[PDB]
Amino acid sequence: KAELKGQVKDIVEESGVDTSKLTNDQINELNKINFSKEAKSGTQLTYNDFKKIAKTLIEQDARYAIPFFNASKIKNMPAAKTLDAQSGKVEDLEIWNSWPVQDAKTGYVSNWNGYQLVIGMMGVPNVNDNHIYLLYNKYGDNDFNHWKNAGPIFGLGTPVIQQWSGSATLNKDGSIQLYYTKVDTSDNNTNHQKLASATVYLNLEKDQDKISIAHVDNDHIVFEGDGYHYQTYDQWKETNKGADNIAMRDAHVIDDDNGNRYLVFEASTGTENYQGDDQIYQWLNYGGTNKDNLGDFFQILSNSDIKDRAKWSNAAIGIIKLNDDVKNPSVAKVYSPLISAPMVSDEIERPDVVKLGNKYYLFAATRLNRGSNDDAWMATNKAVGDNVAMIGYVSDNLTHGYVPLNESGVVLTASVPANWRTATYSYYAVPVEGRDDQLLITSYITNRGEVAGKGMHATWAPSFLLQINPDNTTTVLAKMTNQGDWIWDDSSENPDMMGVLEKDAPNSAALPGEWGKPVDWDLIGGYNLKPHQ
């Protein structure tokens, strides 16, 4: 019986929608929309941003598309033939999320007694086997085969206690301060994640060029969520009706110029801007033109799966200040999210803050299929056979005021199907010494679990340069390295690592047998692919 009331009235008219042709229920829903302009949880990844990101992906623009790799050159990591944490025996592990021991202000890969040090998740494919390992090479060395493994940081283990991604920097005494995610799986196989820290001490034998783990001290939980800014495990236990992501992970250490230390990490928003049926009616979340936003509003309302995901999406990239106890830190201060995606996504991962000149750049990896807009992400699988991207923001301040790069946030987009050898994920930008406008993008290549075939293991990708423009835009550069190079310099470039999207080229991006092979059931993988321009 009733009618449109408040600001929504103006909105419907602007749109050119015939008010009389609105059913009774429509008007009741429309009257639920809330037009508050006050942002509750930092800069947002909006429904519109998401859609644009997906569109940019489908377009395969050379500005943002992950360069093609020469598939025939990709090999499993030799240092991955190593003692496994959950069996104590030498096995063929694969290696994924990885991070260099790096300086906390500058991000530069650290030089430890002439070695570069990287810490990474490794384990046996198709086994629940998530643990972190220390890897090392001479500093500046580019040979993938020269990396060696110093073993699991915490020794032999089980799936009850796992270690997922974080970061690492050096202490003054040359120990490593490690930030990692401790995960406890005892409560009904849930991944109960906590941000943790430990001091790792190394034994070096100069004459054998061999590093070992000597002591691991001060292992403790640093942060579990506050409940207001960030969701806690308890809050998740209550609400989670099965269809909910839990996140307290991927801590990236950064220092300001005054020597304060912060961890930037992946989480979910707490009660400050919580998930729920209400998030659908927050006009703020749409971020398009009013007309656009109204189309979106209806899409969500009529598609029950989208509506469902929308209720549950509240990914956030959080930040906390640590106290001054370097080796045994506690939380000094909890801030509001740098970025959040209420209604839009339940997963933004591996955040990374690099300070370039005077601005703070924040990047994160995402899988668009964790997004709420099925029509958006199903279309990317149809185009490219993958839905991964790296998003990015810039700010004058570490702790607030982030602004999306390239309009929507997109910085990098998936360019080959997820079950190809050359599929990539877990982008991690590393700064380049004496090039303050470029970043080295590292990642891992080949998805876990042998999706690309037996013996095809997740391994370190060739790295490639990304160009940062002061006008808040980015361009992918056609400059590529050997597999597993964390340190760009002039000797680093290896153009033979570059691929082409052609079936029979010797530097094809597809291995023999991949071009046109199925992904996600029927989708002929490679059909909708096009050259980068």
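Numbers follow the displayed sequence, beginning with 1.
Comparing 342-350 with 445-453, which stretch shows the greater average C-alpha B-factor in the deposited entry? Comparing 342-350 with 445-453, the higher mean C-alpha B-factor belongs to 342-350.
Comparing 426-434 with 275-283, which stretch shows the greater average C-alpha B-factor in the deposited entry? Averaging CA B-factors over each stretch, the winner is 275-283.
What's the residue among 164, 393, 136, 297 with the greatest CA temperature factor in the PDB record? Highest C-alpha B-factor among the listed residues goes to 297.
Taking the values straight from the PDB record, which of 304, 175, 197, 406 has the highest C-alpha temperature factor? When the deposited C-alpha B-factors of 304, 175, 197, 406 are compared, 304 is largest.
Sorting the chain's modelled residues by C-alpha B-factor, tell me whether residue 511 ends up in the lowest, middle or highest third. Its C-alpha B-factor belongs to the middle third of this chain's values.
Among the modelled residues of this chain, does the Cα B factor of residue 66 put it in the lowest, middle or highest third? Lowest third, going by the recorded CA B-factors of the chain.
Would the CA B-factor of residue 186 place it in the lowest, middle or highest third of its chain? Its C-alpha B-factor belongs to the highest third of this chain's values.
Residue 48: which third of its chain by C-alpha temperature factor? Middle third.
Looking at the C-alpha B-factor of residue 483, is it in the lowest, middle or highest third of its chain? It belongs to the lowest third of the chain when residues are ordered by C-alpha B-factor.
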